[PDB]
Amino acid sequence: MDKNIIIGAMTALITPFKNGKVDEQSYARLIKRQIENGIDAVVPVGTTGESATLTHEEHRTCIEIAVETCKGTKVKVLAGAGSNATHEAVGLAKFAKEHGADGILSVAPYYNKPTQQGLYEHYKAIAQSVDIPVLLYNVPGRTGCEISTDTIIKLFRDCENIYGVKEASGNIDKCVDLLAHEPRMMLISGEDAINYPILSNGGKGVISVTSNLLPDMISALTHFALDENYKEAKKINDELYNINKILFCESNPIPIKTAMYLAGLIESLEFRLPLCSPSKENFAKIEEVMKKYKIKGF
């Protein structure tokens, strides 16, 4: 077999805005900070990057910046490129490739609730359209559908490029199911609070929200775990629980961008509708939780 893979400590990059546009210099600065704090790959325009409200041109711009910023380093770019329309997801995958992405993260179709057969055909079309690695992304709370274990495994076996899945499903039983039946895949944590449990069961990385704020801590947790230093990895996972939970007190990326702004890491607490600022109470909750953590500057 021997598929090409992108694994390790990875970050679902927030997308900073200034005056309604992507702040490209801030975006670059944030990526450099991830690289300097032990991150192995970055994910431009994932859910956390507000992919839904960026234009396709902004999609390109963000991917190009990530690629340029990672040159001269080992850090890879796993570009968000996914859609609930298969023709669009295919086109997005090819564009990501054309724009220098090392691999793609492709979310399960949201809203239109395809069957498992439909999911198989969707991802097969996507994988056949490019020659770079493809990571599936299961997040049923947002999409309204679940890629089943059987479908994930069938895709992994049938399509050379498809090498694993980012799970954001709060279902450790499924994580056991996946790796028990197909130990060759890369299971990637899409849920910060349970990064350590997923890694300790043989998961091989994380695509993290929390790492935007605490890249050094997420990187350490991940690399301790990858080395079977489980006591060390669990210690950081336990320490991170409070922040990992508060970062979801309202829908991601509302709390993470709020945190980045509070920390002085971005200049404006600005979103695109229908996302908006958190409630005053949640703003204050996030602020208090942060005080317990050492937040790396630039």
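Numbering starts at 1 and runs along the sequence shown.
Averaged over CA atoms, B-factors in the entry run higher in 84-92 than in the other of 84-92 and 104-112.
Checked against the record, the higher mean CA B factor of 138-146 and 69-77 lies with 69-77. When the C-alpha B factors of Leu199, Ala193, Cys159, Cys175 are read from the deposited coordinates, the top value falls at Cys159. Within the selection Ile243, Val43, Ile254, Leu262, the deposited Cα B-factor values reach their highest point at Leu262.
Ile63: CA B factor lies in the highest third for its chain, per the PDB record. In this PDB entry, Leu269 carries a Cα temperature factor that places it within the highest third of its chain's modelled residues. Per the PDB record, residue ranking by Cα B-factor puts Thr15 in the highest third of the chain. The PDB entry assigns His223 a C-alpha temperature factor belonging to the lowest third of its chain's modelled residues.
In the deposited entry, the Cα temperature factor of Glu57 places it in the highest third of its chain's modelled residues.
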